[PDB]
*Asks:* 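Mind having a look at this structure? Questions to follow.
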Amino acid sequence: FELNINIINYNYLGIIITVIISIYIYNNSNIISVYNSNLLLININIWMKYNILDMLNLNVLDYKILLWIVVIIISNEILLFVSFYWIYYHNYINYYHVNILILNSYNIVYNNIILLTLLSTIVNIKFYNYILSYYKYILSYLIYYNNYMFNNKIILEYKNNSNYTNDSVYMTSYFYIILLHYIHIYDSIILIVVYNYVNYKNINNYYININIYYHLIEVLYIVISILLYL
Amino acid sequence: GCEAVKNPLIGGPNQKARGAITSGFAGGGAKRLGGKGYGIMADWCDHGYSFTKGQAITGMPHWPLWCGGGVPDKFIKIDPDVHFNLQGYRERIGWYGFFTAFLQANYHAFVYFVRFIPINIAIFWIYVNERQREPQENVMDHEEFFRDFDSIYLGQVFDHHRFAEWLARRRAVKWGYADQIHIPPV
Amino acid sequence: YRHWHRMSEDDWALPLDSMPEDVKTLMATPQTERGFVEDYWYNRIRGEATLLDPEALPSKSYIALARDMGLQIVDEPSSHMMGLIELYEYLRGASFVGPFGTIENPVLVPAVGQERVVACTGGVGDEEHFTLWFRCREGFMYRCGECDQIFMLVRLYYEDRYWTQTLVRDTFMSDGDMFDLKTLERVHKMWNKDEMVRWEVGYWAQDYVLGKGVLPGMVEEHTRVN
Amino acid sequence: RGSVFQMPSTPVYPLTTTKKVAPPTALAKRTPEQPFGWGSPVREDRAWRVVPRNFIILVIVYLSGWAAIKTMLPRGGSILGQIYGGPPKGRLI
Amino acid sequence: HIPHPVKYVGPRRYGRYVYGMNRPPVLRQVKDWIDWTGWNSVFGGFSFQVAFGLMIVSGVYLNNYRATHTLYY
Amino acid sequence: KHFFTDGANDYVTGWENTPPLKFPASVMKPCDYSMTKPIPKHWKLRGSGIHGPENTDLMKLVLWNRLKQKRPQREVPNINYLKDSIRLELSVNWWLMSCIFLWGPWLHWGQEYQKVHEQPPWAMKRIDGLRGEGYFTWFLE
Amino acid sequence: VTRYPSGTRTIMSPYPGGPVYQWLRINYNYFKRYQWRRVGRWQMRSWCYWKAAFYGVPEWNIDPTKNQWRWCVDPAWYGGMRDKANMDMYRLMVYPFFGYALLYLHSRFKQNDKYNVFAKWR
Amino acid sequence: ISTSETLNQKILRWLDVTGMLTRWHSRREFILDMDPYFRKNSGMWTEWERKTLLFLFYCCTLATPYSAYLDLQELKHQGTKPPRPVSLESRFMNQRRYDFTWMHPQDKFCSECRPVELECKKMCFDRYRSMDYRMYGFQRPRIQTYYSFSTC
Amino acid sequence: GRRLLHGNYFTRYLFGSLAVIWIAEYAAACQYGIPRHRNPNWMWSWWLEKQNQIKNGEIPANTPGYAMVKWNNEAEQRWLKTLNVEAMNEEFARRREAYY
Amino acid sequence: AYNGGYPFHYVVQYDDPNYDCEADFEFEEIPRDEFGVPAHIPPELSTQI
Ligand SMILES: CCCCCCCCCCCCCCCCCC(=O)OC[C@H](COP(=O)([O-])OCC(O)COP(=O)([O-])OC[C@@H](COC(=O)CCCCCCCCCCCCCCCCC)OC(=O)CCCCCCCCCCCCCCCCC)OC(=O)CCCCCCCCCCCCCCCCC
Ligand SMILES: CCCCCCCCCCCCCCCCCC(=O)OC[C@H](COP(=O)([O-])OCC(O)COP(=O)([O-])OC[C@@H](COC(=O)CCCCCCCCCCCCCCCCC)OC(=O)CCCCCCCCCCCCCCCCC)OC(=O)CCCCCCCCCCCCCCCCC
Ligand SMILES: CCCCCCCCCCCCCCCCCC(=O)OC[C@H](COP(=O)([O-])OCC(O)COP(=O)([O-])OC[C@@H](COC(=O)CCCCCCCCCCCCCCCCC)OC(=O)CCCCCCCCCCCCCCCCC)OC(=O)CCCCCCCCCCCCCCCCC
Ligand SMILES: CCCCCCCCCCCCCCCCCC(=O)OC[C@H](COP(=O)([O-])OCC(O)COP(=O)([O-])OC[C@@H](COC(=O)CCCCCCCCCCCCCCCCC)OC(=O)CCCCCCCCCCCCCCCCC)OC(=O)CCCCCCCCCCCCCCCCC
Ligand SMILES: CCCCCCCCCCCCCCCCCC(=O)OC[C@H](COP(=O)([O-])OCC(O)COP(=O)([O-])OC[C@@H](COC(=O)CCCCCCCCCCCCCCCCC)OC(=O)CCCCCCCCCCCCCCCCC)OC(=O)CCCCCCCCCCCCCCCCC
Ligand SMILES: CCCCCCCC/C=C/CCCCCCCC(=O)OC[C@H](COP(=O)(O)OCCN)OC(=O)CCCCCCC/C=C/CCCCCCCC
Ligand SMILES: CCCCCCCC/C=C\CCCCCCCC(=O)OC[C@H](COP(=O)(O)OCCN)OC(=O)CCCCCCC/C=C/CCCCCCCC
Ligand SMILES: [Zn+2]
């Protein structure tokens, strides 16, 4: 027989990661922060390596445990956006009569909605192929093109906007809510860059996580679009 | 230090006597180059699929999970008795060998960076390309705008080519290089 | 069981590359001296040699037929040991529910060691009480202080070892007549002729008996690039 | 060979048509000095030599180029500034 | 989940494609495809945009035309 | 379905609480001995009596759940199952079609009208002298 | 029935097509299968994130009793000397970090004029 | 022109120049278009799954050009954004407690300019250049550079 | 295959919630008697009268609001020094002739 | 009734003895099933046979 769980006795990434966090506080140059971020990325990858190596234990509950962890993380991301919506709507009584130019409801909203919908369709096709034990090379490069356009559009919008964060709480909330969504789009790039075909298929937690996360980002933008643009 | 470090090899005889295993490559047993084999067959070099040659070097990974199984003894190259038993390992590889071991321990991190940098370079190019250009005329005088509201506010939709040329001339006047540039006619 | 993961490819069959190359010694090794891989191929080579000889099957007794395929004839001792093994394995990830324990029929608590923690929850319905945990050690008839339910520890122990499927086989299975390599050759020629190999394990096995790389195409079969 | 679930439709073994001598690993057996891997030919381990060599070269080029820019070129806000951030030619300051 | 039969009642096979001969009209083919893959996805997908579009474009009459003709001052 | 559930959508291990309906009850049946008739007093307990593999039905359930994992061909599900598996995918695709062919045309029409008349076609025209497009979603005014 | 090479002959029309059409059909088929898919095959095989996770891990023995390193050794050190070397390298940075961290405290302490506590009132 | 085919056949042929329609109507053509490793699993697919996958795939790819057209128009719109009236500094507008330095804690470039206030930075970079300190950007006319989306 | 939520849960609880919100709001308006006619205009009576005068032609077209008030702030005094409504109207008239 | 009807393990056969789905990048071979059904015969038809 064997123990139900193969215990993990020792770990040293925790110390390294925690020290990396402290380096952000104790920096005397923003250049150190940039290089420190690479270290954090490296060590987080090692932690992800340990999760993949745990497959050797053949434990049925490992998939379930990680899936429910992601559910909790998703909830935290939703509640973080709720706080920004809370901040935005608290000062609702002070909006729409101040001498600032709010965003148009015709151009930005439509193309972004169309663009992000295509992103969902690409990920949906990836899920379908994952169900069918099949792969299509071009799909990943469609995501990169999709992400390239999103970055190009958002950069221009910020640069050409004629109002600034210090003009009103409305502008601050607009910029902040849009940035928060962008950061979650960038986190999606971090995840999707490693998409590959793995032959153990439906016992791979990465596929279900990516599908859930991409759907969350897109639905959040619908709420943002209704609140700010429409 | 040890013989293995001096003469690195993959899966030769007398591994225990040589003192160390310097290769992370695991598996083999393919009848042809790039064919079906055993083990995962991953390494820094000589694996996967050559883009330059358009040929497969090793087969798809054969995981020890449900989808695969163990590797026959004929083709096992990382003997755990030599792979582990790390007592005295730093003397068997020396300082330089210690440096190589540290670099090779981060193959997982290296693979991610290769797949992660290029899109960031694309995003960075957008910023660099735009930063070179002079900024667009974001705002103008409050009163002058309203005295010609229709032309300025609706000019773009009615005729974007003439409107674009008009913007260029204003930028030339604003930054004082109108006489130095020839704006094409529209 | 529900707590096991997906069947691996090896759970069905092993690759021929795992066949021991010294087949002549493999077929002469006693069962107690054969490892997991050696035992697997001994049974498969000997089992398929008898099954691929149709003309001899009808005259072969079930005892001999079971021996050739490596199947163990069941008896009360072996059945008892195997049954308690499966019960132990099932309880690893399943609930422990059964009839109320009494002196005549104590609750059986399988264990490998000398001790295992148990809880008593009383009887059914109103007789059910709060969990009362106790350490069930070997050699004592335990009596719950609340409901008077009787528990007993059953140890899966045998001669300095704990019961396992292989241990049961070695203890009770008896090696029969030594396998004759002539049968391997005779069946090999029956199903393998003129480049057609419908009996491939025997083809490899016969090649190993003749050394290695003697039969047609075996040199190319054993040559690998990595 | 690969998985046991992939097989030819017609099970046929080619009758050797060439006279090529058998490779040593094709006839090798397990030996006390080689308990594992006797079926696979020995190969050079390039990763042990190339990885540290390539890493050193990239670091040297990376650091050397960074040092050269900050020394040969005039002071500037960023590397791109020091290369293209100067005033137009003929603009006296 | 309530077990229930498959509601598709159209043709199950058109036959081998032979340069597009002996095949139904295009509109009938579109109807068959949606029957095969389910109308529930069509209605669900289009429901949101139809509701939003009708509400916005209804204002052309409800908000613009009626208001001009109905202002007591 | 996307999400994994131990009870119903258990694709990680493929465990099923009951056998297929194809098998005759004699061959295999669901593990239910709730209807067992009272045991005669003269019968004696030989086995543990503990719920587990000693019961024939549970043993066959465990055996089948392991041996079903290799099958010669696919067990084709009906179109209802296949529809449900990609319900979200199909609906998102139709949502994209609706955006292109329904939202796009009238949004383009509104902007063109706005160009000529200073306000969207679904808005009351102002008489207060303020300039600009004004609101878009009229019913939220 | 004549079987053409896959992707080279259309089934939509009895006419194979004109020279330009045939060139486009044949060459797209070649570009996809033998030129564009090089990139995909290269990324899938030579740069697999999951393969890189098992790099340096011992082969899995078919004999079940020869894999005891799975539970005898913690997963963080399945890589032998590589995993230990990576751990040892970060250990060397402990004291360099302390000096670096101590400098930051000095920097803040100085910038707040806390060293002039006695000189201020002398 | 070719009279060996109907008009419908000709239209279908050209829409099939990349083989999309042929793969849709032939299972054999579809599976052979897969790479060998994945063709191994093709036998298990039902026709409902195969054609449904293509439908989702074709709708996505066919819609990508439309999104590209929208994005290009968006880039052109931003490339020639009309100027807007200068904001009157109202009661609660442009309030500052400290300079903007979070981007450059040590260098403190353009402390008075906001993080993405390009025109303010341009004039600030000009001062630094006039002080013999190089800075990158804002020097090339927009119509003389590539990818500006501002050309006539 | 076992279901946890309503078979049409997403559409049911989105459109259903919107319907209930809309119907509740109408009920609330009826109870309090709130006027439901929509006005998109500012209600400053004096300003609306001036706008009507411009529409009638009593006040020349394109005349700024600060040109019509009895108190001007400093910024408006700056603009009044450069204001020429007559010139603006002539320029617009010239544009119309060129267009036609 | 598990995994959408896809078995975890199944047999695949190839007509060419020297065929390797990982080494070759050809586009003519059609894999067969355990019963020998070619892959371009869909399962809803082959399962009825
Ligand atoms: C006489 C010739 C007439 C030609 C007319 C023009 C036709 C152009 C079609 C372009 C379609 C691009 C669609 C992009 C989305 C991704 C597609 C995809 O999934 O590809 C998978 C495909 C194969 O992927 P895989 O993973 O191997 O296989 C996956 C599947 O299993 C198997 O995949 P699959 O085989 O099912 O793929 C189906 C299909 C799925 O996608 C579609 O079917 C979408 C179709 C959309 C149509 C868009 C037309 C745009 C035209 C606009 C023109 C505007 C003019 C304005 C004028 C203004 C005047 C004032 O994908 C493709 O076929 C993609 C195109 C393949 C070409 C690759 C070679 C390089 C480009 C060659 C271009 C040649 C143009 C010649 C023009 C001559 C004119 C006389 O990917 C590749 O081949 C690799 C990447 C390259 C693909 C994209 C190439 C873009 C080329 C654009 C050309 C048009 C430019 C117009 C500019 C106008 C400026 C004003
Ligand atoms: C035709 C073909 C042509 C081909 C041409 C090819 C040309 C190739 C050229 C290659 C060379 C490039 C050189 C430049 C590279 C960039 C360097 C740089 O400046 O980066 C930072 C740069 C900003 O820096 P900067 O302002 O330029 O430099 C200011 C100076 O640092 C001013 O100094 P500061 O004092 O203000 O700085 C504060 C100081 C703060 O210093 C301190 O606090 C320490 C001071 C005392 C230390 C004394 C020792 C005591 C012990 C210390 C212990 C420390 C550790 C303690 C524990 C942890 C906590 C600290 O910070 C530092 O020291 C900075 C470095 C710190 C170390 C970071 C790690 C670096 C490792 C790199 C190598 C890897 C490891 C090697 C291991 C070797 C083993 C054998 O930031 C960025 O790069 C931001 C943008 C992001 C990257 C963009 C990439 C764009 C790529 C464009 C590609 C174009 C492709 C075109 C294709 C076209 C196709 C047609
Ligand atoms: C007006 C126009 C504009 C509208 C804008 C709308 C904006 C919406 C924003 C939404 C953002 C995106 C979020 C979802 C992203 C993923 C989408 C996705 O993949 O969907 C397809 C996919 C469909 O799954 P499937 O298995 O294929 O289903 C097939 C069939 O649909 C049939 O499936 P089935 O029925 O057979 O059931 C299977 C499936 C069915 O489930 C689903 O499919 C879920 C679909 C959800 C879609 C989102 C709809 C909106 C939900 C609103 C919930 C509000 C909560 C209450 C807030 C109160 C505030 C005061 O089950 C699961 O997948 C289980 C998932 C785990 C659920 C964990 C829930 C934890 C929280 C429990 C409540 C806590 C409060 C207790 C209070 C009482 C205490 C006594 O969904 C998933 O698989 C997603 C599951 C993973 C993400 C779960 C996230 C849970 C977050 C919990 C937050 C709790 C906060 C509590 C405190 C709050 C107050 C302080
Ligand atoms: C004499 C005077 C005469 C006067 C005559 C006047 C005439 C007036 C006529 C008025 C007519 C009124 C009619 C009323 C009765 C309606 C009856 C009806 O059919 O109701 C039900 C009908 C449909 O409900 P249903 O029957 O439940 O739907 C059946 C489904 O198939 C259920 O099946 P299912 O549940 O399987 O459905 C599929 C489902 C299956 O679910 C799953 O597969 C499982 C997973 C579900 C959870 C998903 C989680 C998240 C997914 C992530 C992926 C996202 C992708 C997109 C990403 C975008 C990124 C930007 O999946 C989905 O549907 C969701 C996924 C698809 C994509 C979702 C996209 C985002 C949605 C959320 C945002 C929505 C707002 C967007 C706004 C725009 C953009 C910002 O409801 C409506 O249509 C709503 C009623 C609207 C009433 C409007 C009334 C006002 C307007 C009046 C206009 C006319 C006035 C003209 C003037 C007249 C003056 C006199
Ligand atoms: C912003 C403005 C608007 C922009 C819109 C942009 C739209 C982009 C759409 C792109 C669609 C791509 C379609 C590809 C079709 C491929 C078939 C084809 O044509 O193959 C022919 C042929 C095939 O030969 P083959 O295969 O050997 O056949 C021999 C067989 O024996 C015989 O076999 P066969 O008979 O089957 O082969 C021949 C057959 C082949 O074709 C077919 O039968 C077609 C069947 C499939 C059709 C499926 C649909 C295709 C997509 C339709 C897209 C519609 C776009 C609508 C846009 C509206 C915009 C308002 O028939 C044809 O060749 C007929 C071609 C019809 C072309 C129609 C062109 C319409 C242009 C409209 C312009 C409007 C401008 C308005 C300006 C307003 C200003 C206020 O080879 C080529 O494709 C030739 C390529 C070389 C062309 C050279 C062109 C030189 C142009 C010089 C211009 C100089 C300008 C100077 C200016 C100076 C100023 C001062
Ligand atoms: C015997 C009876 C026959 C009757 C025949 C009736 C035929 C009716 C044909 C109606 C055609 C209507 C076409 C409308 C197209 C409008 C396209 C348009 O506006 O494109 C722009 C817009 C994007 O522009 P942006 O600048 O980005 O602005 C919006 C976002 N910012 O793009 C789109 O709208 C793309 C979507 C195209 C929609 C096409 C609609 C086609 C409708 C055809 C109906 C045919 C009916 C036939 C009935 C037959 C009865 C026997
Ligand atoms: C190889 C190089 C690759 C580079 C490109 C690819 C990688 C890109 C990575 C993701 C980048 C995401 C950037 C997110 C921050 C964006 C900042 C931004 O835009 O801020 C401005 C925007 C609007 O401002 P205005 O200029 O007034 O707008 C007027 C419009 N004309 O919003 C703000 O001002 C808010 C700024 C919030 C910034 C938050 C980012 C985190 C910064 C943390 C600094 C901490 C320093 C202290 C020490 C601790 C170090 C950890
Ligand atoms: Zn008790």
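In what follows, chains are A, B, ... by sequence order, proteins preceding strands, each numbered from 1. In listed order, ligands and their atoms are each counted from 1. As a basis for the values below, the full set of heavy atoms in this structure was taken, side chains included, without hydrogen atoms, waters or symmetry mates.
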*Asks:* Indicate, as side chain, backbone, both or neither, the part of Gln106(H) found under 4.0 angstrom from ligand 2 when only non-hydrogen atoms are considered.
*Replies:* neither
*Asks:* Heavy atom under 4.0 Å from ligand 2: found in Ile32(A)'s side chain, backbone, both, or neither?
*Replies:* side chain
*Asks:* Work out which heavy atom in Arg36(I) is nearest to a heavy atom in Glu25(I); give both atom names and the distance.
*Replies:* NH2-OE1, 3.0 Å
*Asks:* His108(F) vs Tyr106(A), test: ring-ring contact (aromatic ring centres under 6.0 Å, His included). Steps then yes/no.
*Replies:* CA-CA 8 Å; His108(F) 173 257; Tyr106(A) 285 85; over 10 Å; no
*Asks:* Which atoms of ligand 2 have any heavy atom of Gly65(D) under 4.0 Å away?
*Replies:* 11 (C), 13 (C)
*Asks:* Any idea which part of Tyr62(D) is under 4.0 Å from ligand 2, heavy-atom wise: side chain, backbone, both or neither?
*Replies:* both
*Asks:* Is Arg134(H) close enough and on-axis enough to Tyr128(H), meaning under 6.0 Å and within 45°, for cation-pi?
*Replies:* no
*Asks:* Heavy-atom contacts with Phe124(B) under 4.0 Å: which atoms of ligand 2 show up? List them by number with element.
*Replies:* 90 (C)
*Asks:* Could you list the residues that satisfy side-chain contact (heavy atoms from CB on, under 4.5 Å) with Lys108(H), not counting sequence neighbours?
*Replies:* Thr101(H)
*Asks:* Check whether any heavy atom of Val59(D) sits under 4.0 Å from an atom of ligand 2.
*Replies:* yes
*Asks:* Closer than 4.0 Å to some heavy atom of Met93(G) - which atoms of ligand 2 meet that?
*Replies:* 55 (C)
*Asks:* Would you mind telling me if ligand 2 is within reach of the side chain of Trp66(D), the backbone, both or neither, using heavy atoms under 4.0 Å?
*Replies:* both
*Asks:* For ligand 5, is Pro19(G) a contact, meaning one of its heavy atoms is under 4.0 Å away?
*Replies:* yes
*Asks:* With a cut-off of 4.0 Å, which atoms of ligand 2 are near a heavy atom of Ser29(A)?
*Replies:* 38 (C)
*Asks:* Give the ring-plane orientation class for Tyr110(A) versus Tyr66(H), where under 30° counts as parallel, over 60° as perpendicular and anything between as tilted.
*Replies:* perpendicular
*Asks:* Counting only heavy atoms not in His161(B) (residues, nucleotides, ligands), do more than 12 fall under 6.0 Å from its NE2?
*Replies:* no
*Asks:* Decide yes or no on ring-ring contact (aromatic ring centres under 6.0 Å, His included) for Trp122(F) and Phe136(F), but give the supporting numbers first.
*Replies:* CA-CA 8 Å; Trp122(F) 43 79; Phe136(F) 176 91; 5.5 Å; yes
*Asks:* Compare every heavy atom of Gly77(D) with every heavy atom of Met135(H), then report the nearest pair and how far apart it is.
*Replies:* SD-CA, 3.6 Å
*Asks:* Polar pairs, ligand 4 vs protein, N/O only, below 3.5 Å.
*Replies:*
| from | atom 1 | to | atom 2 | distance (Å) |
| --- | --- | --- | --- | --- |
| ligand 4 | 27 (O) | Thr11(I) | OG1 | 2.9 |
| ligand 4 | 31 (O) | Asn40(E) | O | 2.7 |
| ligand 4 | 31 (O) | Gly44(E) | N | 3.3 |
| ligand 4 | 36 (O) | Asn40(E) | ND2 | 3.4 |
| ligand 4 | 43 (O) | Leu88(F) | N | 3.0 |
| ligand 4 | 61 (O) | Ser91(F) | OG | 3.4 |

*Asks:* Do the two ring centres, one from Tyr9(I) and one from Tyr13(I), sit under 6.0 Å apart?
*Replies:* no
*Asks:* Any atom of ligand 2 sitting under 4.0 Å from a heavy atom of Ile31(A)?
*Replies:* yes
*Asks:* Hey, does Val20(G) come in under 3.5 Å of ligand 5, counting only N/O atoms on both sides?
*Replies:* yes
*Asks:* Should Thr100(B) and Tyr96(B) count as side-chain neighbours, where that means a heavy-atom distance under 4.5 Å?
*Replies:* yes
*Asks:* Would you name the heavy atoms of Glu74(H) and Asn111(A) that are closest together and state the gap between them?
*Replies:* OE1-ND2, 3.2 Å
*Asks:* Before we go on, tell me: are the rings of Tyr15(G) and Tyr21(G) under 6.0 Å apart, centre to centre?
*Replies:* no
*Asks:* Report, in ascending order of atom number, the atoms of ligand 2 lying under 4.0 Å from any heavy atom of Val61(D).
*Replies:* 11 (C)
*Asks:* Taking only heavy atoms of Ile79(D) into account, list the atoms of ligand 2 that are under 4.0 Å away from them.
*Replies:* 14 (C), 16 (C), 17 (C), 18 (C), 19 (O), 27 (O)
*Asks:* In ligand 2, which numbered atoms sit nearer than 4.0 Å to a non-hydrogen atom of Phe99(B)?
*Replies:* 79 (C), 80 (C)
*Asks:* Does OH belonging to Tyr182(A) count more than 12 external heavy atoms closer than 6.0 Å?
*Replies:* yes
*Asks:* Mind checking whether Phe55(D) has a heavy atom under 4.0 Å from ligand 2?
*Replies:* yes
*Asks:* Assess whether ring-ring contact (aromatic ring centres under 6.0 Å, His included) is satisfied between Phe99(B) and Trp95(B), documenting all intermediate values.
*Replies:* CA-CA 6 Å; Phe99(B) 175 67; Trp95(B) 277 103; over 10 Å; no
*Asks:* With heavy atoms of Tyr100(G) as the reference, note each atom of ligand 2 found under 4.0 Å away.
*Replies:* 43 (O), 59 (C), 60 (C)
*Asks:* Which atoms of ligand 5 sit under 4.0 Å from any heavy atom of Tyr21(G)?
*Replies:* 26 (O)
*Asks:* So, for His181(A) and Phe81(A), is the gap between ring centers shorter than 6.0 Å?
*Replies:* no
*Asks:* Please confirm whether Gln22(G) comes under 4.0 Å of ligand 5, counting heavy atoms of the residue only.
*Replies:* no
*Asks:* Answer with yes or no after comparing the ring centroid distance for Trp22(I) and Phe15(I) against a 6.0 Å cut-off, counting only values under it.
*Replies:* no
*Asks:* With atoms numbered from 1 as shown, which atoms in ligand 5 lie under 4.0 angstrom from a non-hydrogen atom of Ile1(H)?
*Replies:* 32 (C), 35 (O)
